[PDB]
Amino acid sequence: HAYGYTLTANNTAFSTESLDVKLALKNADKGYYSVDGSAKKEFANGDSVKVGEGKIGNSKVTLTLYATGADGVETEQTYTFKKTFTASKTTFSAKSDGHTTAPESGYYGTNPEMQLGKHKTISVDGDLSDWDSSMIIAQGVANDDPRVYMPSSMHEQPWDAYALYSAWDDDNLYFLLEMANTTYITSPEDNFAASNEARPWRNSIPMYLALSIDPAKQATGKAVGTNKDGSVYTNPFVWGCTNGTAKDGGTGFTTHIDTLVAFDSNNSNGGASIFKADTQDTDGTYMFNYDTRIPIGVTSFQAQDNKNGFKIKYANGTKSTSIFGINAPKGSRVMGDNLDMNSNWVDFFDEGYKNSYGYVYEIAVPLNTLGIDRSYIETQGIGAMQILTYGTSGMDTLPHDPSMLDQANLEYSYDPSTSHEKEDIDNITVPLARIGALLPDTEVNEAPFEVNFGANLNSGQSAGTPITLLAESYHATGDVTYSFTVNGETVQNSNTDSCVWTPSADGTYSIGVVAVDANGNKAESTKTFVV
Ligand SMILES: OC[C@H]1O[C@H](O[C@H]2[C@H](O)[C@@H](O)[C@@H](O[C@H]3[C@H](O)[C@@H](O)[C@@H](O[C@H]4[C@H](O)[C@@H](O)[C@@H](O[C@H]5[C@H](O)[C@@H](O)[C@@H](O[C@H]6[C@H](O)[C@@H](O)[C@@H](O[C@H]7[C@H](O)[C@@H](O)[C@@H](O[C@H]8[C@H](O)[C@@H](O)[C@@H](O[C@H]9[C@H](O)[C@@H](O)[C@@H](O[C@H]%10[C@H](O)[C@@H](O)[C@@H](O[C@H]%11[C@H](O)[C@@H](O)[C@@H](O[C@H]%12[C@H](O)[C@@H](O)[C@@H](O)O[C@@H]%12CO)O[C@@H]%11CO)O[C@@H]%10CO)O[C@@H]9CO)O[C@@H]8CO)O[C@@H]7CO)O[C@@H]6CO)O[C@@H]5CO)O[C@@H]4CO)O[C@@H]3CO)O[C@@H]2CO)[C@H](O)[C@@H](O)[C@@H]1O
Ligand SMILES: OC[C@H]1O[C@H](O[C@H]2[C@H](O)[C@@H](O)[C@@H](O[C@H]3[C@H](O)[C@@H](O)[C@@H](O[C@H]4[C@H](O)[C@@H](O)[C@@H](O[C@H]5[C@H](O)[C@@H](O)[C@@H](O[C@H]6[C@H](O)[C@@H](O)[C@@H](O[C@H]7[C@H](O)[C@@H](O)[C@@H](O[C@H]8[C@H](O)[C@@H](O)[C@@H](O[C@H]9[C@H](O)[C@@H](O)[C@@H](O)O[C@@H]9CO)O[C@@H]8CO)O[C@@H]7CO)O[C@@H]6CO)O[C@@H]5CO)O[C@@H]4CO)O[C@@H]3CO)O[C@@H]2CO)[C@H](O)[C@@H](O)[C@@H]1O
Ligand SMILES: [Ca+2]
Ligand SMILES: [Ca+2]
Ligand SMILES: [Ca+2]
Ligand code: NA
């Protein structure tokens with residue numbers, strides 16, 4: 001049995017102009033390959049194919065390898081690869097929120113497409129029909145929680161935030177939190193996390209909504225209270241401290257917040273509270289006050305009777321129809337892969353994800369516990385971030401903050417199989433997600449006009465093959481005129497976004513487009529095509 005093969009994984013997606021695919025042979029001196037139906041071309045062991053070369057992004061490449069054994073049996077193996085294109089997207093930030101790190105982008109987004117939430121009455125009932133994708137104020141990714149960066153921590157329950165949605169009405173501020181669990185796909189041998197034991201309500205784990213009502217106030221996370229005898233004490237964080245120290249860390253804030261909704265994954269924490277940073281420290285920052293906190297905890301776990309009109313309901317389920325994240329086994333992660341387009345990004349729904357794998361929290365915070373009304377939300381706006389923990393320190397946030405992963409691959413002091421992110425000091429520096437209205441000093445970074453350009457067939461087609469040059473416009477103003485070029489010469493200049501090129505002779509060609517929109521903005525792309 002003779003056959004051609006590649007060590008390159010089948011259905012690899014690549015963001016580069018090409019993927020240098022290594023060809024090998026078993027029990028044959030020679031073989032042949034066909035790329036996008038090209039005329040068969042001889043290959044010896046070690047030869048390579050520039051899969052995707054000359055092609056437009058978001059196209060499939062088919063590679064067929066042909067071998068004949070001594071027996072005369074003819075063998076064919078067909079691989080498929082995906083060349084991907086991702087447009088840049090508009091971002092914005094305001095210096096007045098105290099942020100020192102730009103919002104994370106790529107698969108992450110803060111207020112994507114300027115979504116600031118909607119005026120809508122939500123039912124806190126675990127039914128997701130109240131929500132839709134247009135209400136997302138913070139987009140995260142799946143499988144970027146700290147355990148993924150350890151050699152073998154996939155046995156540990158995930159703390160994997162996916163998306164945060166918001167609404168408001170006359171009475172309440174509403175949130176939907178989606179959490180993902182991709183353990184079933186990436187690491188099924190780690191049964192504990194690929195089971196009902198992954199449910200976030202298995203135990204009482206702190207969760208937070210960090211809010212900015214007055215954008216000028218900076219609360220570092222430090223807390224102040226008085227004992228029964230009136231003596232003043234301080235803690236570096238509202239929660240997780242004993243004798244004025246945080247032995248297992250916590251989450252602090254550079255980005256401006258003044259309100260902290262401290263609740264729990266089980267809704268069994270009777271001490272759940274809305275803290276206000278109402279006391280100025282010597283450094284001009286504000287401290288969360290134990291003495292003025294608004295109780296929002298249950299009287300009885302069984303009754304789920306939260307105080308002061310706070311509502312929370314959790315369930316299995318998924319609202320998003322796509323779950324984007326990196327599909328890789330334990331030991332095949334890279335420092336910062338969550339911010340890198342070269343990573344093995346998938347929609348996990350294409351890899352066997354089920355709605356029932358995910359978890360949802362619906363939340364109502366009464367406006368009268370935040371000292372605001374609907375007019376304030378729609379005129380001034382507020383800022384929000386969701387924080388997940390596994391007891392003390394942050395693990396994942398929406399919007400996502402790089403302090404969640406800066407020590408992800410270091411060992412947990414009590415159990416070195418798991419992540420130091422469970423016990424370290426995090427500090428938030430990215431913008432909060434805006435609700436209702438943008439800060440007045442907002443600067444918009446508009447995504448410039450760009451094109452996705454290339455051939456409908458892989459480089460290496462035969463002379464006389466009709467090749468369709470294709471162009472796609474992103475962030476264009478009005479109608480676009482496409483000037484298609486071969487070897488620097490204009491072959492077509494018109495409104496039409498495709499052009500048939502039939503090369504008569506062999507050679508290396510440059511193919512290009514120059515696109516001009518209705519305001520004279522220019523986008524260009526030049527690629528190589530070999531005949
Ligand atoms: O508002 C106003 C207010 O404010 C404030 O207050 C507040 C505060 O502040 C806050 O904070 C809050 O609080 C709250 C909270 O939150 C809640 O939560 C609650 O709490 C509480 C509780 O409840 C109670 O209970 C208490 O606690 C305590 C206790 O009691 C005591 O005891 C202590 O503890 C301790 C302990 O004891 C010790 O032990 C420690 O621990 C530790 C340990 O040690 C370590 O280890 C760790 O662990 C951990 C880990 O890491 C993780 O991961 C986990 O685990 C798990 C896992 O994950 C899973 O997976 C499982 O596993 C399993 C698996 O899966 C399976 O598979 C198995 O395995 C096995 C296998 O199969 C076999 O095959 C083997 O293997 C082997 C092989 O064969 C070879 O070949 C090699 O390869 O190797 C391998 C390995 O070896 O074998 C294996 C085995 O080994 O199985 C397994 C099992 O075994 O599962 C697991 C388990 O689960 O988890 C763990 C655990 O965690 O770490 C740890 C930790 O660190 O230590 C501890 C600590 O110290 O202590 C504690 C503490 O204290 O208490 C608490 C507190 O309190 O509640 C609270 C209250 O409420 O909130 C508040 C309010 O309310 C202020 O203050 C005030 O004034 C105001 O008013
Ligand atoms: O909020 C304020 C608060 O914050 C903080 O508290 C929080 C905690 O920090 C946080 O963890 C959380 O706690 C809750 C727990 O999450 C929750 O689970 C629950 O815990 C209960 C248990 O439910 C209860 O049963 C009991 O637990 C017992 C166990 O039953 C018992 O078995 C025993 O477990 C220990 C083991 O005996 C011991 O060996 C060891 O096991 C480790 C192992 O050493 C480690 O290496 C690892 O193993 C991995 C391996 O590394 C990995 O490679 C892989 O291996 C596979 C390979 O990959 C494959 O190739 C192939 O070879 O196969 C192998 C497998 O064969 O997978 C392995 C696992 O399969 O992991 C092992 C498991 O951990 O350690 C075990 C314990 O860790 O003993 C425990 C009791 O000690 O009791 C616990 C409670 O104590 O409830 C918790 C909350 O109550 O949330 C907290 C919030 O309060 C702060 O800490 C706190 O101070 C603050 O106040
Ligand atoms: Ca996540
Ligand atoms: Ca950290
Ligand atoms: Ca952390
Ligand atoms: Na609902």
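Values reported hereafter were calculated over all heavy atoms of this structure, with side chains retained and with hydrogens, waters and symmetry mates removed. Position 1 is the first residue of the sequence; numbering continues from there.
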| task | Go through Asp20 and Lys50 one step at a time and tell me if the salt bridge (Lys or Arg N to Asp or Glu O under 4.0 Å) criterion holds. | result | CA-CA 5 Å; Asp20 193 7; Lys50 292 309 201 290; 3.7 Å; yes
| task | Determine, stepwise, if the pair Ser356 / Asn316 fulfils side chain to side chain donor-acceptor pair (under 3.5 Å). | result | CA-CA 6 Å; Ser356 67; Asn316 286 71; 6.0 Å; no
| task | Walk me through it: do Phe175 and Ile435 pass the test side chain to side chain contact (heavy atoms under 4.5 Å, CB included)? | result | CA-CA 11 Å; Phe175 293 100; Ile435 304 175; 3.8 Å; yes
| Pair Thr110-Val430, side chain to side chain contact (heavy atoms under 4.5 Å, CB included): steps then yes or no | CA-CA 10 Å; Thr110 304; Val430 296; over 6 Å; no
| side chain to side chain contact (heavy atoms under 4.5 Å, CB included) between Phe453 and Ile56, worked out | CA-CA 5 Å; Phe453 162 78; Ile56 191 168; 5.7 Å; no
| request: Determine, stepwise, if the pair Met179 / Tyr361 fulfils side chain to side chain contact (heavy atoms under 4.5 Å, CB included). | output: CA-CA 8 Å; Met179 295 170 57; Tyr361 287 76; 4.0 Å; yes
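The aromatic rings of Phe310 and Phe263 sit tilted, their planes meeting at an angle between 30° and 60°. In this structure, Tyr482 and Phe484 have parallel ring planes: the angle between them is below the 30° cut-off, well short of the 60° mark. Note on ring orientation: taking the six-membered ring where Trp is involved, the planes of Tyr107 and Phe324 are tilted (angle from 30° to 60°). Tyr357 and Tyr184 have parallel rings, their planes meeting at less than 30° on a 0 to 90° scale where 60° marks the start of perpendicular.
In this structure, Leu398 and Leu177 have side chains that are in contact, with non-hydrogen atoms separated by less than 4.5 Å. Put simply, the side chain of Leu470 does not reach to within 4.5 Å of the side chain of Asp497, judged on heavy atoms. In this structure the side chain of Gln218 never reaches within 4.5 angstrom of the side chain of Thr255, judged on heavy atoms. Taking the side chain as every heavy atom from C-beta outward, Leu438 and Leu116 approach each other to under 4.5 Å. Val480 places none of its side-chain heavy atoms less than 4.5 Å from the side chain of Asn495. Within the 4.5 Å cutoff, side-chain heavy atoms of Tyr474 are placed close to those of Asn452. Between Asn181 and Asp160, the closest side-chain pair of non-hydrogen atoms is not below 4.5 Å. The closest side-chain heavy-atom distance from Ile467 to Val500 is not below 4.5 Å.
Between the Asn355 side chain and the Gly317 main chain, no donor and acceptor come within less than 3.5 Å of each other. Under a 3.5 Å cut-off, the side chain of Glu443 and the backbone N or O of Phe92 do not form any donor-acceptor pair. A donor-acceptor pair under 3.5 Å links the side-chain atoms of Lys319 to the main chain of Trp131, judged by distance alone. Looking only at distances, no side-chain donor or acceptor of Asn493 sits under 3.5 Å from a matching main-chain atom of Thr481. Using a distance-only test at 3.5 Å, with no hydrogens or angles considered, a donor-acceptor pair links the side chain of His256 to the main chain of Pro215. In terms of modelled atom types and a separation under 3.5 Å, the side chain of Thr369 and the main chain of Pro366 share a donor-acceptor contact. Remark: side-chain polar atoms of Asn519 are not paired, donor with acceptor, to backbone N or O of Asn521 under 3.5 angstrom. Looking only at distances, a side-chain donor or acceptor of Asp517 sits under 3.5 Å from a matching main-chain atom of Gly520. With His99 contributing its side chain and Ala94 its backbone, the two residues share a donor-acceptor pair below 3.5 Å. In terms of modelled atom types and a separation under 3.5 Å, the side chain of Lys83 and the main chain of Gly52 share a donor-acceptor contact.
Of the charged side-chain nitrogens involved, at least one lies within less than 4.0 Å of a carboxylate oxygen, so that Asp170 and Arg374 count as a salt-bridged pair. One finds a salt bridge joining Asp281 and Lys222 here, because a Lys/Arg side-chain nitrogen approaches an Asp/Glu carboxylate oxygen to under 4.0 Å. Using a 4.0 Å cut-off between charged nitrogen and carboxylate oxygen, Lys311 and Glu362 do not count as a salt-bridge pair.
Checking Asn338 against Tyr108 by side-chain atom types alone, a donor-acceptor pair falls below 3.5 Å. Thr285 and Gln280 form no side-chain donor-acceptor contact under 3.5 Å, judged by distance and modelled atom types alone. For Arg147 and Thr183, the side-chain atoms include at least one donor-acceptor pair closer than 3.5 Å. Side-chain contact annotation: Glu446 with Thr90, donor-acceptor N/O pair under 3.5 Å present. When only modelled atom types and interatomic distance are considered, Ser459 and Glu53 share a side-chain donor-acceptor pair under 3.5 Å. Checked by atom type, the side-chain pair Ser510/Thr526 shows no donor-acceptor distance below 3.5 Å. A donor-acceptor pair shorter than 3.5 Å cannot be found between the side chains of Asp373 and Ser375. Side-chain contact of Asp347 with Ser322: a donor-acceptor pair under 3.5 Å is present, judged by distance alone.
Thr318 pairs in a side chain to side chain contact (heavy atoms under 4.5 Å, CB included) with only one of the listed residues (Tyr353, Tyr359, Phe348), which is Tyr353.
Sequence neighbours left out, the pairs with a member in residues 425-434 that pass side chain to side chain donor-acceptor pair (under 3.5 Å) are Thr101-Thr429, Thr254-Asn427, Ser393-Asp426.
For an aromatic pair to be called close, the ring centres must be under 6.0 Å apart, and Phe529 with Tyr509 fails this. Ring-centre distance between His475 and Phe449: not below the 6.0 Å cut-off.
Here the NZ-CG distance, from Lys55 to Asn458, works out to 6.0 Å after rounding to the nearest 0.5 Å. With rounding to the nearest 0.5 Å, the separation of OG1 in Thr62 from CG in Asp36 is 4.5 Å. Rounding to the nearest 0.5 angstrom, the gap separating the CD1 atom in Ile387 from the CZ atom in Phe253 is 3.5 Å. Put simply, OG on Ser18 and NZ on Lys527 are 10.5 Å apart, with the number rounded to the nearest 0.5 Å. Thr485 contributes atom OG1, which lies 11.5 Å from atom CD of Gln492 (distance to the nearest 0.5 angstrom). With rounding to the nearest 0.5 angstrom, the CD1 atom of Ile213 is 9.0 Å from the CG atom of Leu367.
Looking at every heavy atom in both residues, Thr389 comes nearest to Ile205 through O-CG2, 3.3 Å. When all heavy atoms of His119 and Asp169 are compared, the pair lying nearest together is CD2-CA, 3.8 Å. Nearest heavy-atom pair across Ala9 and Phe81 is O-CE2, 3.6 Å. Nearest heavy-atom pair, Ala384 versus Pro399, reported as atom, atom and distance to 0.1 Å: O-CD, 3.8 Å. The two atoms that bring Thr84 and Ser15 nearest to each other are OG1-OG, 3.0 Å, heavy atoms only. Residues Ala437 and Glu378 share a closest heavy-atom pair of CB-O, 4.0 Å.
For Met335, the CE atom is loosely surrounded, since the number of other residues' heavy atoms within 6.0 Å does not exceed 12.
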